[PDB]
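When we follow the deposited numbering, the leftmost residue of the sequence shown carries the number 1, and every step to the right adds one.
All residues carry an ideal CB built from backbone N, CA and C; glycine is no exception.
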Amino acid sequence: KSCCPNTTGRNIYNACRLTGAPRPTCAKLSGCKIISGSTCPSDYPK
């Protein structure tokens with residue numbers, strides 16, 4: 001699962017991936033957290 005902190009970031013993340021970029025990169029570019037669990041951490045509610 002690819003969660004995110006701020007709403008703004010979540011948006012940029014989608015765009016990055018929409019182009020064909022990897023999860024990791026986009027996660028660091030926008031600021032989204034990449035985990036395995038099926039839930040979002042308190043830190044990244046978005």
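Inter-residue spacing [alpha-carbon to alpha-carbon] between residue i and residue j
i: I12; j: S30; result: 6 Å
i: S42; j: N6; result: 12 Å
CB of residue i within 9 Å of CB of residue j, strictly
i: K46; j: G9; result: yes
i: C4; j: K28; result: no
Range covered by the alpha helix (DSSP H) that runs through residue i
i: residue 68; result: Limits of the chain in this structure are 1 at one end and 46 at the other, which puts residue 68 out of reach.
i: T25; result: 23–26
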